[PDB]
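Here the structure comes first, spelled out in structure tokens, and everything after it is commentary.
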Amino acid sequence: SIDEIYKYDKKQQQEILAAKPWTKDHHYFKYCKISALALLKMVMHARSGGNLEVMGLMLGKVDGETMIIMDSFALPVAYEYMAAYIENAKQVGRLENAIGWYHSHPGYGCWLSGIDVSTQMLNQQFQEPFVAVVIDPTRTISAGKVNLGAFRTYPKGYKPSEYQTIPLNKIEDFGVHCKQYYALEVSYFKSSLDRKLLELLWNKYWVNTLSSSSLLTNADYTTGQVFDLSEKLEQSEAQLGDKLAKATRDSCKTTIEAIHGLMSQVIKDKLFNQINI
Amino acid sequence: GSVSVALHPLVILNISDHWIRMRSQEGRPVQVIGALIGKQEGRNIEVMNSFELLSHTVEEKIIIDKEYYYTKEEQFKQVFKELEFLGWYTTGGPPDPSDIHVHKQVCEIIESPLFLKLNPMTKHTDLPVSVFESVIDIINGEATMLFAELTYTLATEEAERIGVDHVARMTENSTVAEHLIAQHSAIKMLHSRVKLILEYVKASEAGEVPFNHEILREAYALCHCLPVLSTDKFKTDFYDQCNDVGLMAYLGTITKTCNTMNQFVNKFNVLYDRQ
Amino acid sequence: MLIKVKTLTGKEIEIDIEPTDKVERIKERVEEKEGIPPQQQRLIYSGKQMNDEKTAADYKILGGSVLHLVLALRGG
Ligand SMILES: CC(C)n1nc(C(F)F)cc1C(=O)Nc1ccc([C@H]2[C@@H](O)CCCc3cncn32)c(-c2ccccc2)c1
Ligand SMILES: [Zn+2]
């Protein structure tokens with residue numbers, strides 16, 4: 001039956017909030033579990049603004065080293081409207097409180113800006129569990145895959161690459177504000193049961209899958225991945241003379257995606273072209 | 001379209017999450033009530049994002065707690081400029097008299113209310129059919145209105161399509177199998193459609209069904225279109241793509257071999273030459 | 001008299017005041033509780049932001065009203 005993500009346990013949440021285990025170690029949070037509804041609403045709001053920028057809050061809880069997100073609600077926008085709409089979190093009947101904020105970067109990669117990192121610093125300083133989601137609408141529309149942006153920042157006065165596609169303009173902002181935040185591994189959870197049963201509506205499409213036009217839809221994504229892998233491997237070599245394991249994993253995922261696209265193309269060719277010859 | 005009802009896949013996920021959250025919170029499954037909004041263009045439904053509208057479910061009666069919905073109206077109007085109340089949703093099987101009472105309460109707010117009855121306990125292949133809305137039948141005496149089911153459509157936008165694809169099985173069970181099961185399902189449903197078309201053609205040939213001169217003409221056109229792009233330029237492009245993917249696989253099999261060789265020499269340097 | 005202010009995450013703080021106390025006094029009490037500057041902090045009751053000049057005459061609760069604390073950047 002698995003599940004067990006739901007059934008918000010108030011006592012455990014209060015205990016983990018009062019313990020404050022992330023104050024001692026800065027790299028406490030490493031895994032971000034976004035829900036299906038969270039992603040659906042986030043991407044819908046991100047694309048419902050086109051090239052304009054949208055932002056809202058996302059509700060969830062904390063379990064050990066993972067931060068689970070169950071819901072997300074948009075915002076009207078800096079004026080009194082946003083503050084008035086914030087009361088929705090405590091006005092409705094829901095036990096998930098609030099865990100962070102999401103905001104879109106329409107065509108500017110997935111990194112965190114200077115104002116973004118400053119707001120995240122403030123939010124972490126006075127609201128201990130907080131994460132920032134920096135999803136990109138244009139990239140997921142063009143490439144057909146969703147890129148995630150869980151980018152929790154570091155504390156002030158403390159000292160301790162993936163979507164590097166910004167050609168000219170905002171790459172300067174990327175370089176200066178790069179060590180001020182660390183990415184979180186995004187691992188999606190499906191509630192199973194009802195949603196797993198109802199996911200048959202994806203099977204209803206059956207045409208975008210049969211004609212996917214892969215390997216050209218996200219050609220720029222693969223070229224960027226290879227470009228990142230090149231200096232990842234160069235850094236692994238410099239250290240060697242485990243970054244090599246990470247470079248090997250990245251190469252394996254990129255190659256697996258390429259071979260999956262080729263397999264889809266071969267299946268389509270066998271299904272359609274090799275009939276009535 | 002004959003009845004112009006278009007549901008969005010986000011509404012179904014909203015109802016499912018609502019039902020699951022309430023079931024986990026209260027231990028047992030519990031009936032839920034909602035409020036579908038959307039855009040009306042005279043003869044169009046176009047349901048979109050739905051909100052809670054908890055109301056009350058006390059004993060056997062549903063009380064009019066619609067003041068909370070009234071407060072939620074201006075709240076959702078701030079983020080949805082072009083969206084208006086259209087109906088309400090529920091979780092259960094066939095319609096019940098309680099559903100009739102709640103629908104009567106809802107008609108006070110809006111003139112054309114819908115009634116979605118997403119069934120989560122279903123155990124049959126095709127999806128639960130959304131909304132059983134009615135034009136309200138009136139007879140002499142008591143109104144005794146019923147619901148006259150009309151068809152629905154699953155029109156979806158691009159962002160919704162990408163999100164649904166991501167939630168669906170896509171990339172313990174290996175990535176090859178997860179990638180291939182989607183193709184297997186798509187090809188299976190295409191094969192079922194083509195097989196049923198072939199069965200209709202055979203039935204028309206034998207004589208079970210009347211001879212429709214246009215269905216077989218469309219079938220002949222479909223058969224004639226079957227060899228898609230069989231050009232020499234298509235073959236050249238396909239072979240170029242295959243060679244590119246082969247090179248991209250070679251670069252990466254080399255990387256994996258280098259990684260394993262590095263591990264081997266690391267283990268070898270601490271076993272034989274202790275320096 | 002003795003009210004509670006909750007942040008978005010759900011953290012509760014219990015601050016004691018008098019009926020004639022001002023909202024600036026509320027912000028200063030929250031500052032002494034955690035350390036949030038008054039200009040980087042917004043207070044909400046019943047879904048409406050408090051004005052910074054009214055001495056809690058219509059906010060009479062007598063039973064510890066729940067206030068909502070929202071962090072905001074300086075001057076928007
Ligand atoms: C969670 C919200 C309420 N919030 N809390 C706190 C904190 F002070 F408490 C602070 C905040 C908050 O709204 N921040 C914020 C900051 C900057 C932007 C814009 C800004 O730079 C302008 C250039 C574009 C941009 C790219 N990346 C961030 N932006 C936004 C923002 C993003 C999308 C739509 C509208 C606004 C929000
Ligand atoms: Zn940003």
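We label chains A, B, ... in the order they appear in the structure tokens, count residues from 1 in each chain, and number ligands from 1 in the order shown.
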
Provide as a ChimeraX atom specification the residues of chain A at most 8 Å from chain B, counting only C-alpha atoms.
/A:6-8,36-37,39-41,43-44,47,74-76,85,140-141,144-146,190,194-195,198-203,206-207,209-210,244-245,248,251-252,255,258-260,262,264,272-277

Output as an mmCIF file with N, CA, C and O atoms, in the first residue's frame all residues of segment 7-148 of chain A that backbone DSSP marks as alpha helix (DSSP H).
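File produced: result.cif:
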```
data_model
loop_
_atom_site.group_PDB
_atom_site.id
_atom_site.type_symbol
_atom_site.label_atom_id
_atom_site.label_comp_id
_atom_site.auth_asym_id
_atom_site.auth_seq_id
_atom_site.Cartn_x
_atom_site.Cartn_y
_atom_site.Cartn_z
ATOM 1 N N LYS A 10 0.953 15.703 13.356
ATOM 2 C CA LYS A 10 1.270 16.991 13.964
ATOM 3 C C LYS A 10 2.387 16.865 14.989
ATOM 4 O O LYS A 10 3.303 17.696 15.022
ATOM 5 N N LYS A 11 2.336 15.830 15.831
ATOM 6 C CA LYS A 11 3.311 15.703 16.911
ATOM 7 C C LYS A 11 4.726 15.551 16.363
ATOM 8 O O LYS A 11 5.666 16.182 16.860
ATOM 9 N N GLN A 12 4.894 14.723 15.329
ATOM 10 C CA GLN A 12 6.219 14.536 14.745
ATOM 11 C C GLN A 12 6.727 15.823 14.109
ATOM 12 O O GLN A 12 7.916 16.146 14.214
ATOM 13 N N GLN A 13 5.843 16.566 13.439
ATOM 14 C CA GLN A 13 6.256 17.819 12.817
ATOM 15 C C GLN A 13 6.685 18.841 13.863
ATOM 16 O O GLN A 13 7.710 19.512 13.699
ATOM 17 N N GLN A 14 5.921 18.968 14.952
ATOM 18 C CA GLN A 14 6.322 19.886 16.014
ATOM 19 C C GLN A 14 7.630 19.446 16.659
ATOM 20 O O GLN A 14 8.479 20.283 16.984
ATOM 21 N N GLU A 15 7.814 18.138 16.849
ATOM 22 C CA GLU A 15 9.052 17.644 17.441
ATOM 23 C C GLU A 15 10.252 17.960 16.555
ATOM 24 O O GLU A 15 11.288 18.435 17.039
ATOM 25 N N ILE A 16 10.128 17.715 15.249
ATOM 26 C CA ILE A 16 11.252 17.960 14.350
ATOM 27 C C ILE A 16 11.492 19.456 14.176
ATOM 28 O O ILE A 16 12.627 19.882 13.936
ATOM 29 N N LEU A 17 10.445 20.278 14.296
ATOM 30 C CA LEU A 17 10.634 21.719 14.198
ATOM 31 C C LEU A 17 11.305 22.275 15.448
ATOM 32 O O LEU A 17 12.147 23.175 15.358
ATOM 33 N N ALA A 18 10.944 21.754 16.623
ATOM 34 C CA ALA A 18 11.553 22.220 17.862
ATOM 35 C C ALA A 18 12.976 21.706 18.030
ATOM 36 O O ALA A 18 13.805 22.385 18.644
ATOM 37 N N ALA A 19 13.274 20.515 17.505
ATOM 38 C CA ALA A 19 14.632 19.988 17.597
ATOM 39 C C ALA A 19 15.612 20.848 16.810
ATOM 40 O O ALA A 19 16.743 21.077 17.256
ATOM 41 N N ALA A 36 2.846 15.330 -7.570
ATOM 42 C CA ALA A 36 2.303 15.436 -8.919
ATOM 43 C C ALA A 36 1.484 16.710 -9.078
ATOM 44 O O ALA A 36 1.627 17.439 -10.066
ATOM 45 N N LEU A 37 0.613 16.993 -8.107
ATOM 46 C CA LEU A 37 -0.197 18.205 -8.152
ATOM 47 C C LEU A 37 0.676 19.448 -8.095
ATOM 48 O O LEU A 37 0.418 20.442 -8.785
ATOM 49 N N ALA A 38 1.707 19.414 -7.253
ATOM 50 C CA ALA A 38 2.629 20.533 -7.139
ATOM 51 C C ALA A 38 3.234 20.851 -8.496
ATOM 52 O O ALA A 38 3.186 22.000 -8.940
ATOM 53 N N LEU A 39 3.783 19.839 -9.170
ATOM 54 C CA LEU A 39 4.362 20.052 -10.492
ATOM 55 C C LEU A 39 3.331 20.531 -11.501
ATOM 56 O O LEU A 39 3.594 21.449 -12.283
ATOM 57 N N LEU A 40 2.156 19.905 -11.517
ATOM 58 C CA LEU A 40 1.151 20.284 -12.500
ATOM 59 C C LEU A 40 0.785 21.754 -12.354
ATOM 60 O O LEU A 40 0.820 22.516 -13.326
ATOM 61 N N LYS A 41 0.478 22.179 -11.127
ATOM 62 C CA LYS A 41 0.073 23.561 -10.901
ATOM 63 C C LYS A 41 1.232 24.526 -11.133
ATOM 64 O O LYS A 41 1.044 25.610 -11.696
ATOM 65 N N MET A 42 2.444 24.145 -10.719
ATOM 66 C CA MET A 42 3.601 25.014 -10.903
ATOM 67 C C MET A 42 3.878 25.252 -12.380
ATOM 68 O O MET A 42 4.075 26.392 -12.812
ATOM 69 N N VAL A 43 3.895 24.180 -13.176
ATOM 70 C CA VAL A 43 4.162 24.315 -14.605
ATOM 71 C C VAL A 43 3.027 25.046 -15.303
ATOM 72 O O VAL A 43 3.265 25.857 -16.208
ATOM 73 N N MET A 44 1.780 24.789 -14.897
ATOM 74 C CA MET A 44 0.656 25.499 -15.496
ATOM 75 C C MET A 44 0.745 26.996 -15.228
ATOM 76 O O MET A 44 0.512 27.809 -16.128
ATOM 77 N N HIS A 45 1.083 27.382 -13.995
ATOM 78 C CA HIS A 45 1.223 28.802 -13.689
ATOM 79 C C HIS A 45 2.423 29.406 -14.402
ATOM 80 O O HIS A 45 2.373 30.556 -14.855
ATOM 81 N N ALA A 46 3.519 28.650 -14.503
ATOM 82 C CA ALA A 46 4.708 29.148 -15.180
ATOM 83 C C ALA A 46 4.437 29.414 -16.654
ATOM 84 O O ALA A 46 4.888 30.426 -17.202
ATOM 85 N N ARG A 47 3.705 28.519 -17.313
ATOM 86 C CA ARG A 47 3.345 28.710 -18.711
ATOM 87 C C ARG A 47 2.165 29.652 -18.907
ATOM 88 O O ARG A 47 1.957 30.128 -20.028
ATOM 89 N N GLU A 80 -0.102 45.237 -1.518
ATOM 90 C CA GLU A 80 -0.882 44.578 -0.477
ATOM 91 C C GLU A 80 -1.609 43.337 -0.981
ATOM 92 O O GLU A 80 -2.064 42.528 -0.163
ATOM 93 N N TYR A 81 -1.742 43.172 -2.302
ATOM 94 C CA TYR A 81 -2.478 42.026 -2.830
ATOM 95 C C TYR A 81 -1.809 40.712 -2.450
ATOM 96 O O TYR A 81 -2.485 39.761 -2.035
ATOM 97 N N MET A 82 -0.483 40.633 -2.591
ATOM 98 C CA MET A 82 0.205 39.389 -2.264
ATOM 99 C C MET A 82 0.067 39.060 -0.784
ATOM 100 O O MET A 82 -0.211 37.912 -0.428
ATOM 101 N N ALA A 83 0.228 40.058 0.088
ATOM 102 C CA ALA A 83 0.110 39.816 1.521
ATOM 103 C C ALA A 83 -1.304 39.396 1.896
ATOM 104 O O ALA A 83 -1.493 38.532 2.759
ATOM 105 N N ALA A 84 -2.312 40.000 1.262
ATOM 106 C CA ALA A 84 -3.688 39.585 1.509
ATOM 107 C C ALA A 84 -3.925 38.154 1.041
ATOM 108 O O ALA A 84 -4.656 37.397 1.688
ATOM 109 N N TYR A 85 -3.320 37.767 -0.083
ATOM 110 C CA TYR A 85 -3.513 36.416 -0.597
ATOM 111 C C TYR A 85 -2.745 35.380 0.217
ATOM 112 O O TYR A 85 -3.112 34.200 0.211
ATOM 113 N N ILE A 86 -1.687 35.800 0.916
ATOM 114 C CA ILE A 86 -0.907 34.875 1.739
ATOM 115 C C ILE A 86 -1.772 34.219 2.812
ATOM 116 O O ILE A 86 -1.506 33.082 3.222
ATOM 117 N N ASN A 88 -4.411 32.771 2.597
ATOM 118 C CA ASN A 88 -4.994 31.526 2.109
ATOM 119 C C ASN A 88 -4.369 30.320 2.804
ATOM 120 O O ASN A 88 -5.083 29.360 3.114
ATOM 121 N N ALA A 89 -3.072 30.380 3.116
ATOM 122 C CA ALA A 89 -2.382 29.227 3.689
ATOM 123 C C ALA A 89 -3.010 28.794 5.008
ATOM 124 O O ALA A 89 -3.133 27.595 5.281
ATOM 125 N N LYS A 90 -3.407 29.751 5.843
ATOM 126 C CA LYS A 90 -4.028 29.445 7.124
ATOM 127 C C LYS A 90 -5.544 29.583 7.103
ATOM 128 O O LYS A 90 -6.193 29.263 8.104
ATOM 129 N N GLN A 91 -6.126 30.044 5.997
ATOM 130 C CA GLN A 91 -7.574 30.182 5.919
ATOM 131 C C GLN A 91 -8.260 28.872 5.546
ATOM 132 O O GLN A 91 -9.309 28.542 6.109
ATOM 133 N N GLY A 114 20.645 37.343 -7.689
ATOM 134 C CA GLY A 114 21.117 37.949 -6.452
ATOM 135 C C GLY A 114 19.989 38.346 -5.518
ATOM 136 O O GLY A 114 20.049 38.098 -4.310
ATOM 137 N N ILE A 115 18.945 38.973 -6.059
ATOM 138 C CA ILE A 115 17.777 39.284 -5.242
ATOM 139 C C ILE A 115 17.108 37.998 -4.774
ATOM 140 O O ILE A 115 16.617 37.907 -3.642
ATOM 141 N N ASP A 116 17.095 36.976 -5.632
ATOM 142 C CA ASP A 116 16.516 35.694 -5.253
ATOM 143 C C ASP A 116 17.278 35.070 -4.090
ATOM 144 O O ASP A 116 16.674 34.589 -3.121
ATOM 145 N N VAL A 117 18.611 35.079 -4.159
ATOM 146 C CA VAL A 117 19.374 34.491 -3.067
ATOM 147 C C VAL A 117 19.233 35.327 -1.805
ATOM 148 O O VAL A 117 19.207 34.775 -0.706
ATOM 149 N N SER A 118 19.130 36.655 -1.922
ATOM 150 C CA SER A 118 18.949 37.467 -0.719
ATOM 151 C C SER A 118 17.609 37.178 -0.048
ATOM 152 O O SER A 118 17.536 37.057 1.185
ATOM 153 N N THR A 119 16.538 37.056 -0.840
ATOM 154 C CA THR A 119 15.245 36.702 -0.261
ATOM 155 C C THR A 119 15.289 35.317 0.368
ATOM 156 O O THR A 119 14.691 35.091 1.427
ATOM 157 N N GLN A 120 15.993 34.376 -0.265
ATOM 158 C CA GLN A 120 16.111 33.045 0.323
ATOM 159 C C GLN A 120 16.910 33.078 1.622
ATOM 160 O O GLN A 120 16.581 32.363 2.574
ATOM 161 N N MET A 121 17.966 33.895 1.679
ATOM 162 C CA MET A 121 18.718 34.069 2.920
ATOM 163 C C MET A 121 17.816 34.578 4.033
ATOM 164 O O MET A 121 17.821 34.042 5.146
ATOM 165 N N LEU A 122 17.031 35.618 3.745
ATOM 166 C CA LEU A 122 16.132 36.168 4.758
ATOM 167 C C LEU A 122 15.106 35.129 5.202
ATOM 168 O O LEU A 122 14.866 34.938 6.405
ATOM 169 N N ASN A 123 14.509 34.429 4.233
ATOM 170 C CA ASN A 123 13.479 33.444 4.537
ATOM 171 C C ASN A 123 14.036 32.302 5.370
ATOM 172 O O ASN A 123 13.376 31.825 6.295
ATOM 173 N N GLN A 124 15.247 31.841 5.055
ATOM 174 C CA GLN A 124 15.867 30.792 5.855
ATOM 175 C C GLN A 124 16.235 31.303 7.240
ATOM 176 O O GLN A 124 16.157 30.559 8.224
ATOM 177 N N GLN A 125 16.652 32.568 7.333
ATOM 178 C CA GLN A 125 17.070 33.117 8.615
ATOM 179 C C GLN A 125 15.905 33.199 9.593
ATOM 180 O O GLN A 125 16.057 32.856 10.771
ATOM 181 N N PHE A 126 14.735 33.645 9.132
ATOM 182 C CA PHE A 126 13.607 33.807 10.043
ATOM 183 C C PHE A 126 12.498 32.775 9.876
ATOM 184 O O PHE A 126 11.556 32.774 10.674
ATOM 185 N N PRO A 137 9.803 27.650 -17.756
ATOM 186 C CA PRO A 137 8.706 27.242 -18.648
ATOM 187 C C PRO A 137 9.136 27.005 -20.090
ATOM 188 O O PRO A 137 8.746 26.016 -20.723
ATOM 189 N N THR A 138 9.930 27.935 -20.622
ATOM 190 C CA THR A 138 10.317 27.866 -22.027
ATOM 191 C C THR A 138 11.107 26.595 -22.308
ATOM 192 O O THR A 138 10.896 25.931 -23.329
ATOM 193 N N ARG A 139 12.017 26.239 -21.400
ATOM 194 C CA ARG A 139 12.842 25.057 -21.610
ATOM 195 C C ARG A 139 12.018 23.777 -21.573
ATOM 196 O O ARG A 139 12.232 22.880 -22.393
ATOM 197 N N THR A 140 11.079 23.659 -20.629
ATOM 198 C CA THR A 140 10.283 22.435 -20.572
ATOM 199 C C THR A 140 9.343 22.341 -21.766
ATOM 200 O O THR A 140 9.042 21.240 -22.241
ATOM 201 N N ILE A 141 8.858 23.481 -22.260
ATOM 202 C CA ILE A 141 8.008 23.457 -23.449
ATOM 203 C C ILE A 141 8.810 23.047 -24.678
ATOM 204 O O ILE A 141 8.379 22.196 -25.466
ATOM 205 N N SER A 142 9.992 23.642 -24.860
ATOM 206 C CA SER A 142 10.763 23.394 -26.074
ATOM 207 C C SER A 142 11.394 22.006 -26.068
ATOM 208 O O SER A 142 11.380 21.312 -27.090
ATOM 209 N N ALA A 143 11.959 21.587 -24.935
ATOM 210 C CA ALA A 143 12.665 20.315 -24.859
ATOM 211 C C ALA A 143 11.759 19.151 -24.483
ATOM 212 O O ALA A 143 12.151 17.995 -24.672
#
```

What residues of the protein or nucleic acid chains come within 7 Å of ligand 1 when you use only C-alpha atoms and all ligand atoms? Reply as a short mmCIF file (atom, residue, chain, number, x, y, z; two decimals) with N, CA, C and O atoms, in the first residue's frame.
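Result file part_2.cif:
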```cif
data_model
loop_
_atom_site.label_atom_id
_atom_site.label_comp_id
_atom_site.auth_asym_id
_atom_site.auth_seq_id
_atom_site.Cartn_x
_atom_site.Cartn_y
_atom_site.Cartn_z
N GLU A 53 6.94 36.79 -15.74
CA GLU A 53 7.42 36.05 -14.58
C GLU A 53 6.31 35.89 -13.56
O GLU A 53 5.59 36.84 -13.24
N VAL A 54 6.17 34.67 -13.04
CA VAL A 54 5.14 34.34 -12.05
C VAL A 54 5.82 33.77 -10.81
O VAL A 54 6.97 33.31 -10.86
N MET A 55 5.10 33.82 -9.70
CA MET A 55 5.65 33.38 -8.42
C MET A 55 4.51 33.06 -7.47
O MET A 55 3.47 33.72 -7.49
N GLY A 56 4.71 32.03 -6.66
CA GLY A 56 3.73 31.64 -5.66
C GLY A 56 4.40 30.87 -4.55
O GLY A 56 5.62 30.71 -4.52
N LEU A 57 3.58 30.38 -3.62
CA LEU A 57 4.06 29.59 -2.50
C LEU A 57 3.76 28.12 -2.72
O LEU A 57 2.89 27.75 -3.51
N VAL A 77 0.50 38.56 -7.92
CA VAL A 77 1.62 39.20 -8.59
C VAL A 77 2.69 38.18 -8.94
O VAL A 77 2.98 37.94 -10.11
N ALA A 78 3.85 42.63 -5.21
CA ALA A 78 4.67 43.27 -4.19
C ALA A 78 3.83 44.21 -3.33
O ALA A 78 4.24 44.61 -2.24
N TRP A 101 8.75 28.77 -1.63
CA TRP A 101 8.21 29.56 -2.71
C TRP A 101 8.79 29.10 -4.03
O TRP A 101 9.96 28.72 -4.10
N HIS A 103 9.15 30.21 -8.28
CA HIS A 103 9.14 31.34 -9.20
C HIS A 103 9.82 30.93 -10.49
O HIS A 103 10.77 30.14 -10.50
N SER A 104 9.32 31.48 -11.60
CA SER A 104 9.68 31.02 -12.93
C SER A 104 10.75 31.90 -13.56
O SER A 104 10.81 33.10 -13.29
N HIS A 105 11.58 31.29 -14.40
CA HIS A 105 12.61 31.99 -15.17
C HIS A 105 12.35 31.70 -16.64
O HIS A 105 12.88 30.72 -17.20
N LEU A 112 19.78 30.90 -9.56
CA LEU A 112 19.20 31.85 -8.62
C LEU A 112 19.87 33.21 -8.79
O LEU A 112 21.10 33.30 -8.86
N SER A 113 19.06 34.26 -8.87
CA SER A 113 19.57 35.62 -9.01
C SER A 113 20.00 36.18 -7.66
O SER A 113 19.76 35.58 -6.61
N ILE A 115 18.95 38.97 -6.06
CA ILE A 115 17.78 39.28 -5.24
C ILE A 115 17.11 38.00 -4.77
O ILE A 115 16.62 37.91 -3.64
N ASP A 116 17.10 36.98 -5.63
CA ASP A 116 16.52 35.69 -5.25
C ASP A 116 17.28 35.07 -4.09
O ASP A 116 16.67 34.59 -3.12
N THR A 119 16.54 37.06 -0.84
CA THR A 119 15.24 36.70 -0.26
C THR A 119 15.29 35.32 0.37
O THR A 119 14.69 35.09 1.43
N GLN A 120 15.99 34.38 -0.27
CA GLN A 120 16.11 33.04 0.32
C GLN A 120 16.91 33.08 1.62
O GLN A 120 16.58 32.36 2.57
N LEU A 122 17.03 35.62 3.74
CA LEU A 122 16.13 36.17 4.76
C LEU A 122 15.11 35.13 5.20
O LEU A 122 14.87 34.94 6.41
N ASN A 123 14.51 34.43 4.23
CA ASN A 123 13.48 33.44 4.54
C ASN A 123 14.04 32.30 5.37
O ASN A 123 13.38 31.83 6.29
N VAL C 70 4.49 38.02 8.08
CA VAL C 70 4.98 37.80 6.72
C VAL C 70 6.27 38.58 6.56
O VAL C 70 6.29 39.80 6.73
N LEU C 71 7.35 37.88 6.23
CA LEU C 71 8.60 38.56 5.90
C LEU C 71 8.49 39.21 4.53
O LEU C 71 7.95 38.64 3.58
N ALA C 72 9.02 40.42 4.43
CA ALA C 72 9.04 41.14 3.17
C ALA C 72 10.32 41.96 3.09
O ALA C 72 10.89 42.36 4.11
N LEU C 73 10.77 42.20 1.86
CA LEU C 73 11.97 42.99 1.66
C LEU C 73 11.71 44.45 2.01
O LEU C 73 10.58 44.93 2.00
#
```

May I have the residues within 12 Å of segment 108-116 of chain B as a ChimeraX atom specification, using only C-alpha atoms and disregarding those fewer than 6 positions away in the same chain?
/B:5-7,11-12,15,32-38,40,42-47,50,64,66-67,69-70,73,84-96,99-102,128-136,146-152

8 Å contact set for residue 8 of chain C, only C-alpha atoms, chain neighbours under 5 positions out, as a CSV table (one decimal) with C-alpha atoms, in the first residue's frame:
```
chain,number,residue,atom,x,y,z
A,89,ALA,CA,-2.4,29.2,3.7
A,97,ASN,CA,1.6,24.8,6.5
A,98,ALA,CA,4.0,26.3,4.0
A,127,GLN,CA,11.7,30.8,8.7
C,68,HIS,CA,0.1,36.4,10.8
C,69,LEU,CA,3.7,37.4,10.3
C,70,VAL,CA,5.0,37.8,6.7
```

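With atom CA of residue 31 of chain C on one side and atom CA of residue 6 of chain C on the other, the separation reads 13.8 Å.
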
One-decimal distance in Å that lies between atom CA of residue 106 of chain B and atom CA of residue 144 of chain B:
15.9 Å

Taking only C-alpha atoms into account, produce a table as a tab-separated table in which each residue of chain C with an atom at most 6 Å from an atom of chain A appears once, together with its shortest atom pair and the distance in Å to one decimal, ordered by chain and rising number.
```
residue	atom	partner	partner_atom	distance
C:8	CA	A:98	CA	5.9
C:9	CA	A:98	CA	5.0
C:47	CA	A:84	CA	5.6
C:76	CA	A:78	CA	6.0
```

Keeping only N, CA and C atoms, write those residues as a short mmCIF file (atom, residue, chain, number, x, y, z; two decimals), in the first residue's frame.
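Output file selection_7.cif is given in full below:
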```cif
data_model
loop_
_atom_site.label_atom_id
_atom_site.label_comp_id
_atom_site.auth_asym_id
_atom_site.auth_seq_id
_atom_site.Cartn_x
_atom_site.Cartn_y
_atom_site.Cartn_z
N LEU C 8 4.49 32.02 8.48
CA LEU C 8 3.94 31.16 7.43
C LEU C 8 4.27 29.70 7.68
N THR C 9 5.50 29.41 8.10
CA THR C 9 5.89 28.03 8.36
C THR C 9 5.12 27.42 9.52
N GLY C 47 -7.01 38.58 7.49
CA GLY C 47 -6.75 38.73 6.08
C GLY C 47 -6.46 40.15 5.63
N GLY C 76 9.45 46.88 -0.13
CA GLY C 76 9.04 46.10 -1.28
C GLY C 76 10.26 45.59 -2.02
#
```

I'd like the neighbourhood of residue 62 of chain C as a PyMOL selection string, where a residue qualifies if any of its atoms comes within 10 Å (using only C-alpha atoms), though same-chain residues fewer than 2 positions away should be ignored.
chain C and resi 1-3+19+59-60+64-65

Export N, CA and C atoms of the chosen residues as a tab-separated table (two decimals), in the first residue's frame?
```
chain	number	residue	atom	x	y	z
C	1	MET	N	-4.35	41.09	25.18
C	1	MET	CA	-3.58	41.00	26.41
C	1	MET	C	-2.30	40.22	26.16
C	2	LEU	N	-2.43	38.92	25.90
C	2	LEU	CA	-1.29	38.05	25.59
C	2	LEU	C	-1.63	37.32	24.30
C	3	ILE	N	-1.11	37.82	23.18
C	3	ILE	CA	-1.48	37.33	21.87
C	3	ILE	C	-0.39	36.40	21.34
C	19	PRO	N	-3.73	46.94	26.27
C	19	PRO	CA	-4.72	47.41	25.28
C	19	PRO	C	-4.30	48.67	24.54
C	59	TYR	N	-8.88	45.74	17.19
C	59	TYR	CA	-8.30	44.42	17.35
C	59	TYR	C	-8.48	43.87	18.76
C	60	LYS	N	-9.50	44.34	19.49
C	60	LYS	CA	-9.79	43.83	20.82
C	60	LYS	C	-10.18	42.36	20.75
C	64	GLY	N	-6.22	36.45	23.31
C	64	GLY	CA	-5.06	36.02	22.56
C	64	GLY	C	-5.31	35.80	21.08
C	65	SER	N	-5.54	36.88	20.34
C	65	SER	CA	-5.77	36.79	18.90
C	65	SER	C	-4.54	36.22	18.19
```

Pick out each residue of chain C that DSSP on the backbone tags as strand (DSSP E or B); I need them as a ChimeraX atom specification.
/C:2-7,12-16,41-45,48-49,66-71

Hey, which of A:62, A:68, A:110, A:5 ends up closest to ligand 2? Count only C-alpha atoms and all ligand atoms.
A:110
